[PDB]
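The entry's author numbering puts the sequence shown at residues -2 to -1, 270 to 328, 1 to 6.
Beta carbons: idealized from backbone N, C-alpha and C, even for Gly.
Single-structure report; data block below.
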Amino acid sequence: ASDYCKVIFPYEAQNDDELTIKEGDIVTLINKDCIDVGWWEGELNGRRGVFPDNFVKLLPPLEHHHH
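Next comes the structure, spelled out in structure tokens:
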């Protein structure tokens, strides 16, 4: 039952704990409760980290059939 969000603004990680996200990226949301107010933890294409929560848009959980 994984949550997903779509990146609306890009963000380049500035330390080890951040996640670099590009516009259009579909990020797996891991945790909304992080040490920093306004930041979420996510996973993307093998990496993981925190990003600002208003750089992204929550998606409906609907997914087309896969192979």
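Query                                                                                          : Result
Helix, strand or coil at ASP292 according to DSSP, with G and I counted as helix               : coil
Nearest candidate by alpha-carbon position, reference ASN282, set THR295, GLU290, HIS5, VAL317 : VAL317
Where the beta strand (DSSP E) through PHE318 begins and ends                                  : 314 to 319
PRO277 versus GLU290: straight-line alpha-carbon distance, rounded                             : 5 Å
Distance CB(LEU311)-CB(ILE288) smaller than 8 Å                                                : yes
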